[PDB]
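> Model the structure of this input:
(4 chains, ligands or ions: 6)
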Amino acid sequence: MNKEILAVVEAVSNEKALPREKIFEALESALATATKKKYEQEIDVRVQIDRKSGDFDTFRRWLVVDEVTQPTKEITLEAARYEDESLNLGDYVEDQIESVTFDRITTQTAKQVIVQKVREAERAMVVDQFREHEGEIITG
Amino acid sequence: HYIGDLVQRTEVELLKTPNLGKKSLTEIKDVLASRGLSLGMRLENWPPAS
Amino acid sequence: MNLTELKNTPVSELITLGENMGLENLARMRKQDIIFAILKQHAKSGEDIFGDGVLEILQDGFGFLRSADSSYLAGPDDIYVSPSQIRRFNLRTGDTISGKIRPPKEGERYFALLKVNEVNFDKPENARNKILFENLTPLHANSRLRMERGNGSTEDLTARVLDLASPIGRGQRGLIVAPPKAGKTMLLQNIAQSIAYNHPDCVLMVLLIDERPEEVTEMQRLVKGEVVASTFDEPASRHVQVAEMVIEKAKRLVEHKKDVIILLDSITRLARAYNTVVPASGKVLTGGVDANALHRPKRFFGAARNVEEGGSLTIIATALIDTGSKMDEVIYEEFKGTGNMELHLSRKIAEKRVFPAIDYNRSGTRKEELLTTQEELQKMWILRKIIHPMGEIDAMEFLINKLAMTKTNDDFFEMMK
Amino acid sequence: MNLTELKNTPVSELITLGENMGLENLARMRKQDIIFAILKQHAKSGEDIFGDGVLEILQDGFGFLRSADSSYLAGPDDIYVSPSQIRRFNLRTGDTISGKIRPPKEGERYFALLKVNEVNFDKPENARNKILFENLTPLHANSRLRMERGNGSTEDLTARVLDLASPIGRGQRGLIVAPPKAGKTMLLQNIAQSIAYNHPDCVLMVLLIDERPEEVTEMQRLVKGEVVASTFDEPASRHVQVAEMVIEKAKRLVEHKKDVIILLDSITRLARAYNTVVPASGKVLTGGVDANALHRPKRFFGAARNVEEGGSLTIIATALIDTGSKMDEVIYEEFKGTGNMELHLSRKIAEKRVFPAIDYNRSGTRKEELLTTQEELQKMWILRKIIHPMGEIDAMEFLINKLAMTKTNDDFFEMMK
Ligand SMILES: Nc1ncnc2c1ncn2[C@@H]1O[C@H](COP(=O)(O)OP(=O)(O)O)[C@@H](O)[C@H]1O
Ligand SMILES: Nc1ncnc2c1ncn2[C@@H]1O[C@H](COP(=O)(O)OP(=O)(O)O)[C@@H](O)[C@H]1O
Ligand code: BEF
Ligand code: BEF
Ligand SMILES: [Mg+2]
Ligand SMILES: [Mg+2]
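Numbers count the residues shown, from 1 in each chain, chains lettered A, B, ... in the order given. Ligands and ions are numbered 1, 2, ... in the order given. I have put the structure below:
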């Protein structure tokens, strides 16, 4: 449940080397990958776990283009009269809600992608904090 | 009724039809285009021969 | 249907409308619940909705269009709009928007806007080409807001006396310094009535913050225009919410070249609210007040200015003194000289139970030759010189008698010559 | 049998009734346990029960009908009702319901309602068609609640003095500002007696919050009607429970077009209770008080209003000052000007041991021309002008002598002419 999400966001070792915002961004990516692996069709989703006030809620991104391949993530650039879009690009929907984020394969892919994201963020931060000293002699 | 009467119809003529919201439209677009084809095409050989 | 025609009607009208719609017994739900049910029943027949709401944004990205029924709070009648519309039509908080809306669709629970029609009573063309508020250049007031009605009834005194005590101009920064139970309520009622009669073009705005519901209803049935209010049935959250809503509405209006005149009462309660909501920054001074907590009231009093090309934002806020709260004392101290107009009411004269009770020597306006003409200014100088040596109760009785034998200010002027 | 006839009788009556029922020695159990056993014995003969209880709902969905014996708390005598009945008959908290009930059946442990008979002393027809409380429109009081008894005994002074100090109206928002050990207990006793004698139609209500049992029993045997109380034998939970129960009961009554007059004492203890129960929101101000914890007392003081078509809800709450608790100070500060009626009692006059001890210059009523007639208002003005220059002890002795030579207020009026 979301109490487990709070426990894992407050139980990190590098608490500020990976802020809560980026924690939940990586967790949203995890849940999106899990929901992608759930359905046989490919459909991009956003989570918005509601860091402090509430739980998560999956969505359904359209990636508005004039193509039709896998129409789960296809919609024309002019479909804006019904379903209340009034849009040209960026039309995304919020159709599917309340996916499962605690089963076996979901937990596995979440752990894997969280490890990947934390190692990437730590490396990027430890390199960027020294990038300001470019063109200098450093020990080590 | 026939599938050929639906493949020659862009989705613009679906969301305007009543009782075609999110679940119905999503189910249609999933179970129609997953078979290789898509929704909305231009052809003239229809219906042979009925 | 339109939402405003469900807005202006009382509860019994909604009852009979729901009975027309063949609805269940609806006397138990909120007015907004009844409006929601009636709109759903109307759209079930295949109908669209027309709505109007002031826009508000949180950090969540999307916007909410609130109505004045709940004094701009969350409710089943407010409209939900996506951040895409805010990005496209260049929307922001306080921008009142009217247009086509639909009931919540499958899985939704609040209304959604379809097509914008009036952005602050303006087409989106010039609404997108809006000058920024803080990017403007403040000025001073030459347009004199005449407080005299001309009818000369029994209470009009309290208005006409200002015509010789504190001149009012468009965009003036005015503050009232008064003890409780002195007559400020009827005073602001009078000022609202007078500005609406003499200047009906400028949109009227009155701020009822941290007040009793009886005053709320008495002022919502006496002001000559749309009003907002806020009682103490909710904590300081509602107070700060309505303060931001009204300040952004006034900012968007004056950016649309409008003349806004806000009447705030009382400002000490707004300061208490802003203190209660804002967490302590680790430093507190005497009075149990945080240092930078008064930043929001400061800003709210600083929003008053005079636009160069057109429009103005006048703010007339009342402050509470002599309450015994040293906190309040310090608050007034912070508001010592931040405004260029002071209206000083004293409990000593009000205890003699004559109204109004003006502190002529203590009240005044800075840089007042730019407001009125030269002869009026010279006569104001003459009246000030005549009223300075005498006290306050005798001076008040003198002014009351002089403005009681006469009706318009020219008679008193020539009588003072 | 009826439950109320087991309600109004003391413990010895229940003892002899159980002895009539051939029951075991029952002197050891609670009164409610005795009532439960007697009702079970009566229904074992094939009998139905008649009960009456104020309704309360939790988030659990189902409702409980409490009696006034435990001041509306859980007990073996309260009735359990399913959410189905609340959904059908449009029930809500505070709605007192009387009707047929049965003892708990096989596996049950509390009573269950069979058929509703009186919903707030009304048929379910108009009870389901009840106007909402917050949807009403507040007003001000013209119906003057005469505090004078007319008998003119030794203590009636404390009532008649109010007839010249603080006028009372239906739906008035009144608050007492008084130090401890000054005479508020007998004051509210007097006010209750006077309103019951002069206006027996309006249902009387008195709030005893955080008090001693001796005062509880003395007030439950002197008020001229049903009363509620709450001592400190339980934590703030019981206090907030009885506060919600009484406020919803008054709301349902005034929705049924009733005239409710609640007397609360003391309000600082209610504030302490609401502070103790409500968790900290992460921000505390001076005095160890949470910011939005006072929201519930605020609301409770804001419930007072005047209904347009009929009925009113007057609230007269006492506050404690001069106790040395700075917390209490801040509390009173929050209650500076929230009410339109102030009754100021001072310890300085009470130390001279004359009763009552009225702060005439500090007490008063806002917008009082709408309460009484014109001549009475002019005489009130004359009395205020006569009492302003003099002090407080001399003024109190003067008023006592003037109302001691005379009995009705007309004599003092003409004597002041
Ligand atoms: N212009 C006036 N004419 C007659 N009575 C007045 C006037 N102004 C104030 N009053 C008196 O003031 C009282 C109400 O004052 P109130 O509105 O409570 O003052 P405040 O709003 O400062 O607390 C009324 O009883 C009314 O008689
Ligand atoms: N009007 C009065 N007539 C007679 N005795 C009074 C009157 N007012 C106060 N007293 C006496 O003063 C005492 C008041 O104490 P108490 O009522 O406990 O304090 P508080 O006024 O704070 O409730 C009582 O013992 C009562 O006998
Ligand atoms: F109207 Be009072 F000054 F609270
Ligand atoms: F009853 Be006293 F005021 F403690
Ligand atoms: Mg007032
Ligand atoms: Mg007492």
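
> Let me see the ranges of the helices in the stretch 51-200 of chain C.
For the stretch 51-200 of chain C, the helices defined by DSSP state H, counting those that start in this stretch cover C:83-89, C:124-128, C:157-160, C:162-165, C:184-198.

> wait, I meant chain B
For chain B, helices defined by DSSP state H occupy the ranges B:4-7, B:23-33.

> tell me which residues of the last one are tucked away?
Of the residues in helix B:23-33, those buried by neighbour count under the rule 16 or more other C-beta atoms under 10 Å in any protein chain shown are B:25, B:26, B:28, B:29, B:30, B:32, B:33. The C-beta positions use only the backbone N, C-alpha and C, and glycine is treated the same way.

> Quick check: which of those residues are also close to chain A?
Within the set of the buried residues of helix B:23-33, contact with chain A (C-beta under 8 Å from any C-beta of the partner chain) is found for B:26, B:29, B:30, B:33.

> Next up, the contacts around the last one.
With contacts defined as C-beta atoms under 8 Å, 6 or more residues apart in numbering or on different chains, the neighbours of residue B:33 are A:68, A:69, A:70, A:71, B:39.

> cool, the second one as well?
Under the criterion of C-beta under 8 Å, 6+ apart, the contact list for residue B:29 reads A:71, A:72, A:74, B:11, B:39.

> what about the fourth one, distance to residue C:361?
So that's residue B:11. Applying C-beta to C-beta, to the nearest Å, the value for residue B:11 to residue C:361 is 78 Å.

> higher neighbour count, the two?
Set side by side, residue B:11 and residue C:361 show more neighbours around residue B:11, with 21 against 14, by other C-beta atoms under 10 Å in any protein chain shown.

> between the helices of the stretch 51-200 of chain C, which gets nearest to chain D?
The closest of those to chain D is helix C:184-198. By C-beta to the nearest C-beta, the value is 8.4 Å.

> can you give me how far the following helix or strand past that closest one is from the chain middle?
Next helix or strand after helix C:184-198 toward the C-terminus (DSSP states H and E): strand C:203-211. Relative to its parent chain, strand C:203-211 has a centroid offset of 4 Å by C-alpha atoms, centre = their mean, to the nearest Å.

> Strand partners (parallel or antiparallel) of strand C:203-211?
Sheet pairing of strand C:203-211 (DSSP bridges) gives strand C:228-231 (parallel), strand C:259-265 (parallel).

> Need the residue closest to the centroid of chain B.
residue B:6 (3.9 Å; C-alpha atoms, centre = their mean).

> Likewise for chain A?
In chain A, the residue lying closest to the centroid (C-alpha atoms, centre = their mean) is residue A:29, at 2.6 Å.

> and the gap between residue C:187 and residue C:147?
In this view, residue C:187 and residue C:147 are 11 Å apart by C-beta to C-beta.

> do residue A:45 as well
61 Å.

> Same question for residue C:190.
Distance check for residue C:190 against residue C:147: by C-beta to C-beta, it reads 9 Å.

> Would you mind grabbing the residues shared as contacts by these two?
residue C:159.

> residues near residue A:31, how many?
Neighbours of residue A:31 (other C-beta under 10 Å): 25.

> can you count the residues close to residue C:93?
By other C-beta under 10 Å, the residues close to residue C:93 number 19.

> I figured it was touching residue C:244, is that so?
Yes: in this structure, residue C:93 is within contact of residue C:244 by C-beta atoms under 8 Å, at 7.1 Å.

> Show me what from chain A comes close to ligand 6.
Counting by C-beta under 5 Å from the ion, none of the residues of chain A come close to ligand 6.

> in the chain, which helix has the most residues?
No chain specified, so I'll use chain A. Counting residues, the longest helix found in chain A (DSSP H) is helix A:104-131.

> meant chain C actually
Looking across chain C with DSSP H, the single longest helix is helix C:236-255.

> Could you check it against chain D for contacts?
Yes: under the criterion of C-beta under 8 Å from any C-beta, chain D is reached by helix C:236-255 at C:236, C:237.

> Could you name the helices and strands sitting against that helix?
With contacts taken as 3 or more C-beta pairs under 8 Å, 6 or more residues apart in numbering or on different chains; DSSP states H and E, helix C:236-255 sits against strand C:49-57, strand C:203-211, strand C:228-231, strand C:259-265, helix C:267-277, helix C:295-302, strand C:312-320.

> can you list the ones you listed in a markdown table and add distance to ligand 2?
Below are the helices and strands packed on helix C:236-255 laid out as a markdown table (distance: least, C-beta to the nearest ligand atom, whole Å):
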| stretch | distance to ligand 2 |
| --- | --- |
| strand C:49-57 | 49 |
| strand C:203-211 | 30 |
| strand C:228-231 | 31 |
| strand C:259-265 | 35 |
| helix C:267-277 | 30 |
| helix C:295-302 | 39 |
| strand C:312-320 | 29 |
